[PDB]
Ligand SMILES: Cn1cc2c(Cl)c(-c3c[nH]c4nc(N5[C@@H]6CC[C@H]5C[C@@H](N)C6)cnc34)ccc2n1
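Take a look at this single chain, the form deposited without the named molecule, given in structure tokens.
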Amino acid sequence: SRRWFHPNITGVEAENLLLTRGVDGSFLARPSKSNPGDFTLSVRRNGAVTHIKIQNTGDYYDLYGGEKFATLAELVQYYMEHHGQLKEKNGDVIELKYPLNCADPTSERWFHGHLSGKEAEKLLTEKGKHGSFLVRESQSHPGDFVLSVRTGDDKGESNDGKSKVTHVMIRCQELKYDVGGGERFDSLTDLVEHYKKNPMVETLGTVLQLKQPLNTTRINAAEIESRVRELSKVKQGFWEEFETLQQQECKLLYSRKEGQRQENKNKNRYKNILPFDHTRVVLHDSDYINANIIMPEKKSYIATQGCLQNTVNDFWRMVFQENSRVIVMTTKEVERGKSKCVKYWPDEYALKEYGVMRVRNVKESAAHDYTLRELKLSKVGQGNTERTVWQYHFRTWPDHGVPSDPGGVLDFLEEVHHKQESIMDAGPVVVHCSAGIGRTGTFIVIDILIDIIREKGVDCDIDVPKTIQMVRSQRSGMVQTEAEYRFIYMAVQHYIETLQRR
């Protein structure tokens, strides 16, 4: 699972890897070092290596000669089984058969790389819990590693002596890893996963359970500024934190069967970017829309794609069914000469029907970063189903990359939050962009984090990657790029200072 991804390898190194340890059908993915933000699919075929560009501009993974995907895991799963119709110019099939596995452990949640014996004990003593563990580089034995495991009962600081921390040396000799006896492993991940399944037992009988990695991402909101400083800059920083998050995407390959159904195929903007069955919005007014409920784990959201001409009516059905009263559009109808969303609302002062739904554009206000549209939504034949829907259209998202300052986003979401809150029993806030995962994901996560701070003040804990992972288990690929990942941190930092300045 995600071992075919090699986060710190060069193009030539990848070639040599595939040529020396691979066979025809072998492959790996890697970040493009030439095209930052983008990726490369390196495949061995007919005795040599081909490199295949995978572009990600913030909306999705665009495989050259292939299709658009929500995550690299989903792309690889796609080809490595059903509908592996990957080809090139000539029309030749390119087979993805043998994942060439990576041995670098940096993006393992339990691997902290560069860290000392004292700080390690600090983390394990405070955040630590029964079965919490971690692996750091040995400073006293270069090339070697230390595994540290907390066992006992309760968590956090204790003095009852009912808990303890054990340290196990991991020797690296001749490119393989062991704990001083027994099996030797080709990588630290193999070793760790072996001892998770077969726990080490001490003579006196303490079983060293490797239950959960220690959390090293959670911070107190007050000190986000300091955390950003360290992650910015050897010890792991932003890049490793993000790559560690990406690695966990392989836990999220849930079914999206309803999306793949023939009847619903043309209801998806992008054919392979689908909602999870278990969180999709079911329309019980067919029953299909490309949307998922996102629930923070009071205010919820619906992340959805931009409407197609044949899904406009379904979009409005969804809005009515869910009692949604606020809609956040983060896209222009067309960007870089590409359709991203059809106009699904009437011109100002006009009234339109969309199947059984009827919508009136009452009034448009404009601001710097956005236009607000007051819409009246009702069901035809029923002159009491009228509800006001507020459509916030954010227009200042740069066509390439992310905004240089988060202040417009923050002011926008602040305004969106007050609107939602003013309307008792309003359902989820609808958020959409092209595929409903890039910007949508970014806006939603930022909104989630700020709400924690708005309600609990400067003195609360936030965990960006964990919030993102929680959101990703509800819609595929939410938050697409490391760029957006940094932008989330910047936005929460910026919010904090504007809070304290007042």
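We number the residues from 1 along the sequence you see.
Unresolved deposited residues in the interval that joins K233 and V234: The entry has a gap there, with 4 to 9 residues left out between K233 and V234.
Can you count, per the entry, how many deposited residues between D411 and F412 come without coordinates? Answer none, 1 to 3, 4 to 9, or 10 or more. Count of unmodelled residues in between: none.
Going by the mean C-alpha B-factor recorded in the entry, which is higher: 181-189 or 336-344? Here the higher of the two C-alpha B-factor means belongs to 336-344.
Higher-B stretch (mean Cα B-factor, as the entry records it), 378-386 or 424-432: The stretch with the larger average C-alpha B-factor is 378-386.
Considering only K197, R256, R109, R358, which residue's Cα atom bears the greatest B-factor as recorded? Going by the entry's C-alpha B-factors, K197 comes out highest.
Can you tell me which of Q246, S148, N159, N290 has the highest Cα temperature factor in the record? Out of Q246, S148, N159, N290, the record gives the largest C-alpha B-factor to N159.
Comparing against every modelled residue in the chain, figure out the third that the C-alpha B-factor of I327 lands in (lowest, middle or highest). Within its chain, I327 is a lowest-third residue by C-alpha B-factor, going by the deposited values.
C-alpha B factor of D459, ranked within the chain: lowest, middle or highest third? Ranked within chain, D459 CA B lands in the highest tercile.
By the record's CA B-factor, is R229 among the lowest, middle or highest third of residues in the chain? Top third by C-alpha B-factor.
Sorting the chain's CA B-factors, does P31 end up in the lowest, middle or highest third? Answer is middle: the recorded C-alpha B-factor places it there.
CA B-factor placement of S473, once the chain's modelled residues are sorted into thirds: CA B-factor rank for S473: lowest third.
What comes next is about the form solved in complex with the named molecule, which is not displayed.
Given that the partner is absent here, does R454 sit within 4.5 Å of the named molecule in the deposited complex, heavy atoms only? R454 lies outside the contact set for the named molecule.
If you check in the deposited complex, is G66 within 4.5 Å of the named molecule, heavy atoms only? So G66 does not count as contacting the named molecule.
Consider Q469 of the chain shown here, and say whether it contacts the named molecule in the deposited complex, taking contact as heavy atoms within 4.5 Å. Output for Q469 is yes: heavy atoms within 4.5 Å of the named molecule.
With heavy atoms only and a cut-off of 4.5 Å, decide whether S163 touches the named molecule in the deposited complex. No - in the deposited complex, heavy atoms of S163 and the named molecule never come within 4.5 Å of each other.
Flag this candidate site as yes only if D285, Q321 and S378 all have a heavy atom within 4.5 Å of the named molecule in the deposited complex; otherwise mark no. No, the candidate spot makes no contact with the named molecule.
Which pick from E241, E95, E364, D190 sits with a heavy atom within 4.5 Å of the named molecule in the deposited complex? Contact with the named molecule in the deposited complex is made by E241 alone.
Option touching the named molecule, based on a heavy atom within 4.5 Å in the deposited complex, out of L245, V179, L124, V312: Going through each option in turn, the one that passes is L245.
The named molecule isn't shown here, but in the deposited complex, which of 356-364, 209-217, 182-190, 142-150 has heavy atoms within 4.5 Å of it? Selected stretch: 209-217.
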